[PDB]
Amino acid sequence: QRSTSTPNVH
Amino acid sequence: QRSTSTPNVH
Amino acid sequence: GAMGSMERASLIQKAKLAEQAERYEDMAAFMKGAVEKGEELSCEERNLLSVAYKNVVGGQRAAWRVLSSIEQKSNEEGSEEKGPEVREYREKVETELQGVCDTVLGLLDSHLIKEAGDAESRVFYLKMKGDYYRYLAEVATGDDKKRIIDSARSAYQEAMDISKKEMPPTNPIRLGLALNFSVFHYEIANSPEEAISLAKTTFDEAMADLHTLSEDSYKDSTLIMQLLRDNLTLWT
Amino acid sequence: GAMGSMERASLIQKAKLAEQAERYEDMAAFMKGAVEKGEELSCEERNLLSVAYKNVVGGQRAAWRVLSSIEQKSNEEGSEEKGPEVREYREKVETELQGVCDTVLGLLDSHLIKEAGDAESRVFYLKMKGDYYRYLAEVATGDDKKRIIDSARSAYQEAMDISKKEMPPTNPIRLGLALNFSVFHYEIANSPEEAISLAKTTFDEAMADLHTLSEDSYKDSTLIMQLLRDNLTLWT
Ligand SMILES: [Cl-]
Ligand SMILES: [Cl-]
Ligand SMILES: [Mg+2]
Ligand SMILES: [Mg+2]
Ligand SMILES: [Mg+2]
Ligand SMILES: [Mg+2]
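Shown numbers run from 1 along every chain as its sequence is written, which may differ from how the entry numbers residues; residues without coordinates are omitted from display. Note on labels: chains are lettered from A, ligands numbered from 1, in written order. The side-chain quantities take in all heavy atoms of the structure and omit both hydrogens and water. Residues with missing side-chain atoms are left out of burial classes, side-chain pairs and their counts.

For this deposited structure, the header cites X-ray crystallography as the method used and 1.6000 Å as the resolution.

Next up, the structure:
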């Protein structure tokens with residue numbers, strides 16, 4: 001599983 | 001809600 | 001065409017890769033290139049063509065519905081009129097959608113349909129013609145909405161006539177055609193009673209033929225039968 | 001540029017419509033046009049730029065990973081070699097991805113970064129520069145993988161230096177920068193211990209500053225803190 005980066009925020 | 005049409009089949 | 005220098009088999013191979021990658025615009029371009037080689041398509045190849053363009057036009061239809069809803073809200077008494085941008089952008093998406101539909105219809109007319117003599121291929125293509133005129137109808141307004149609807153109806157009707165003569169009532173091509181024609185009647189043609197009647201008769205005649213089928217074919221047919229039932233529940 | 005004739009405000013309006021319609025390629029083109037008007041971007045506008053391109057490159061990255069995996073499987077002892085098509089199509093997607101990254105880096109270099117003097121804008125843009133070099137690094141192999149990695153590292157480090165001087169440890173810009181730099185260390189730079197140390201220190205220093213925040217700001221900061229924790233759980 002790949003690391004989580006900053007997601008999009010509407 | 002809209003009617004269901006034929007879906008894609010892989 | 002940008003695909004003119006690629007081997008037919010390479011185009012089909014890459015269409016399958018694009019499917020795996022969920023790159024449906026690429027998949028559609030590869031399959032357009034394969035069709036333009038001028039040879040008839042196998043069952044698997046017809047399915048790749050359909051999957052590709054259905055996904056492309058499906059994204060466009062979803063986007064068009066969002067923008068049309070915003071536009072209709074902006075055109076109501078009490079809405080701060082916000083300039084031409086919503087209409088402009090809805091028109092942009094609409095034109096791109098119409099272009100995709102015209103491309104598919106062009107491939108069917110030049111020359112997939114006229115070379116399709118077996119029922120399984122001819123019904124598939126005529127159903128596709130009905131479907132892409134139906135997608136055009138979804139966004140049509142002016143003089144030509146009537147003519148677009150008639151073109152969809154005519155294609156579906158020719159497909160229905162062949163399917164009833166040449167295919168058993170459980171055949172998945174025949175079932176999905178009847179499903180989509182019933183959607184045409186309910187959603188486009190303002191004929192909900194025709195839609196319900198077609199869905200009901202299709203379902204019941206397929207039910208009575210399921211005993212002839214293998215386990216795998218039974219699974220195929222009953223899946224589409226459930227969609228007929230889903231719509232009948234929505235409609236009644 | 002095809003957006004050169006459209007008003008800045010109209011481009012931003014249509015970027016927001018495209019977001020609502022999930023038309024992220026359009027959204028990115030609109031925001032590129034807005035940037036090329038030459039004025040600095042507001043917070044909301046910077047966010048639209050980031051959302052648009054992150055969605056576009058995100059689709060490309062997902063597709064590239066699927067194709068790279070197929071290619072690696074095809075290049076194993078015992079795999080029926082199937083010609084150049086998998087490599088060709090992986091290269092096509094890779095080139096399109098690199099193009100998107102180069103476009104974003106070009107906008108940052110001409111001239112978003114050099115006009116960004118406030119910490120909130122400058123850190124945001126330098127983080128973006130690090131991110132798009134990191135996406136280039138994900139697909140890089142040859143001589144330039146080393147140089148791409150160093151470019152990502154340098155951008156992230158400049159952003160970190162400013163954020164630590166100018167922002168509190170709960171600031172969501174600072175938190176997401178630290179999150180992404182920790183991902184760089186673990187996934188790109190072969191430095192999992194640095195990644196874990198950065199994630200842990202970032203988390204703990206934010207924890208100790210949460211008491212200063214309003215309910216809404218606390219929700220923002222703790223959301224990113226949870227992602228740091230998620231990675232620490234994956235990594236340890
Ligand atoms: Cl537009
Ligand atoms: Cl290719
Ligand atoms: Mg008012
Ligand atoms: Mg129009
Ligand atoms: Mg072998
Ligand atoms: Mg390459």
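Q: Tell me about the pattern of salt bridges, and name the residues and values.
A: Residue and element names in this part refer to chain D. A carboxyl oxygen of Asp or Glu within 4 Å of a side-chain nitrogen of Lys or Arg is what we treat as a salt bridge. One pass over the full model with this rule turns up 34 salt bridges over all chains. Across the pair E71 and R90 runs a salt bridge whose closest N-O atoms are separated by 2.7 Å. You can see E71 sitting in helix α3 (residues 43-74) and its partner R90 sitting in helix α4 (residues 85-115), a full 19 residues away along the chain. Throughout this description, buried means an accessible area under 20% of the type-specific maximum (1.4 Å probe, protein chains only), exposed means over 50%, and partly exposed covers the range between. For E71, a relative accessible area of 8% translates into the label buried. For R134, the salt bridge identified is with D131, shortest N-O distance 3.2 Å. Helix numbering and strand numbering both begin at the N terminus, where a helix is a DSSP run of H or I of at least 4 residues and a strand a DSSP run of E of at least 2.

Q: Describe in detail helix α1 (residues 8-20) of chain D, supporting the description with residues and values.
A: The end-to-end C-alpha separation of α1(D) is 19 Å, in line with the 18 Å expected for 13 residues at 1.5 Å each. Within α1(D) the residues assigned to the buried category are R8(D), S10(D), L11(D), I12(D), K14(D), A15(D), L17(D), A18(D) and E19(D). Should any heavy atoms of two residues lie within 4.5 Å, those residues are counted as being in contact. Lining the buried residues of α1(D) we find α3 (43-74) and α4 (85-115) of chain C together with α2 (24-35) and α3 of chain D. In the segment just after α1(D), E22(D) is the residue with positive phi, at about 55 degrees. Take the residue count of a helix, subtract one, and multiply by 1.5 Å to get its expected span.

Q: Break down the relation of the copies chain C and chain D for me, citing the residues and quoting the values.
A: Each copy superposes on the other: chain C lies on chain D with an RMSD of 0.0 Å after a rotation of 180 degrees and an axial shift of 0.0 Å. Viewed as a symmetry operation, the transformation between the two copies matches a two-fold axis. It is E25(C) whose C-alpha, among those of chain C, lies nearest the rotation axis, at 6.2 Å. A shared interface surface links the copies, since 100% of the contact residues of chain C are contact residues in chain D too. Least-squares fitting over the C-alpha atoms is the method by which the copies are superposed.

Q: Which residues make up the nonpolar core, and what values do they have?
A: Here, the term nonpolar core denotes a set of buried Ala, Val, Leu, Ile, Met, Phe, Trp, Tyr and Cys residues that are joined through side-chain atoms within 4.5 Å. Counting residues in hydrophobic clusters, the biggest one holds 132 residues, and the most contacted among them are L49(C), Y132(C), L49(D) and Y132(D). Sequence-distant contacts of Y132(C), that is, excluding residues within four places in its chain, are made with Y53(C), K54(C), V57(C), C101(C), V104(C) and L105(C).

Q: How would you summarise the interface of chain C and chain B if you had to cite specific residues and measurements?
A: Contact residues are listed per partner, giving 19 residues for chain C and ten residues for chain B. Residue classes follow a fixed rule: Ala, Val, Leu, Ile, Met, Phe, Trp, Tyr, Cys and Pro count as nonpolar, while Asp, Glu, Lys and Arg count as charged, and any other residue, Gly among them, counts as polar. Taken together, the residues that form the side of chain C that touches chain B break down as seven nonpolar, six polar and six charged.

Q: Please provide a residue-by-residue account of α2(D), values included.
A: Here α2(D) is twelve residues long and its end C-alpha atoms lie 16 Å apart, about the 16 Å a rise of 1.5 Å per residue gives. Inspection of α2(D) places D26(D), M27(D), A28(D), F30(D), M31(D), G33(D), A34(D) and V35(D) among the buried residues, and these make up the whole buried set.

Q: Summarise the packing of aromatic side chains; cite the residues concerned and give the values.
A: To describe a pair of aromatic rings, one takes the distance between the centres and the angle between the planes. Residues and elements named next belong to chain C. Between 30 and 60 degrees the pair is tilted, below 30 it is stacked and above 60 it is edge-to-face, where a pair is any two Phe, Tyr or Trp rings, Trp via its six-membered ring, whose centres lie within 6.5 Å. Per the counting criterion, the structure on display carries 14 aromatic pairs over all chains. In this structure an aromatic cluster arises from ring pairing among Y156, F181 and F184. For the cation-ring pair, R229 lies above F203, with the distance from its terminal atom to the ring centre recorded as 4.5 Å. Whether a charge sits over a ring comes down to the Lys NZ or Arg CZ being within 6 Å of the ring centre and within 35 degrees of the ring normal.

Q: Outline the layout of surface pockets, supporting the account with residue identities and numerical values.
A: Cavities and pockets were defined on a 1 Å grid built over protein atoms only: a cavity is a set of grid points that admits a 1.4 Å probe from which the probe cannot escape, a pocket is an open set flanked by protein on both sides within 12 Å along at least five of seven lines, and lining residues are those with an atom within 4 Å of any such point. Grid points are joined across faces, edges and corners, and a volume is the space filled by probe spheres set on the points. Of the pockets and cavities examined, the largest pocket occupies roughly 1700 Å³. Among the elements of the structure, α2 (24-35), α3 and α4 of chain C together with α2, α3 and α4 of chain D are those that each provide at least two residues to the lining of the largest pocket. Of the residues assigned to the lining of the largest pocket, the class counts are 20 nonpolar, 13 polar and 16 charged.

Q: Break down the interface of chain C and chain D for me, citing the residues and quoting the values.
A: Counting from both sides, the interface comprises 23 residues of chain C and, opposite them, 23 residues of chain D. A buried area of about 2100 Å², summed over both sides, lies between chain C and chain D, and 60% of it is on carbon and sulfur atoms. Between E88(D) and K14(C) there is a salt bridge, with the nearest N and O atoms lying 2.8 Å from each other. For this analysis, a polar contact is any N or O atom pair within 3.5 Å, provided that within protein one partner can donate a hydrogen and the other can accept it, and provided that sequence-adjacent residues contribute only side-chain to side-chain pairs. Our count for the contact surface shared by chain C and chain D stands at eight residue pairs in polar contact. Elements supplying a minimum of two residues to the side of chain C that touches chain D: α1 (8-20), α2, α3 and α4 of chain C. Looking at which element gives the most residues to the side of chain C that touches chain D, the answer is α4(C), with seven residues. For the side of chain C that touches chain D, the class distribution of residues is eleven nonpolar, four polar and eight charged. The term buried area refers to how much accessible surface (probe radius 1.4 Å) is lost by two components on association, counted for both of them together.

Q: Describe the environment of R8(D), with residues and values.
A: Residue and element names in this part refer to chain D. Within the secondary structure layout, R8 lies in helix α1. Distance in space between the C-alpha atoms of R8 and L112 is 16 Å, their sequence separation being 104 residues. Setting aside anything within four residues of it in sequence, one finds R8 in contact with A34, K37, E39, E40, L41 and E45.

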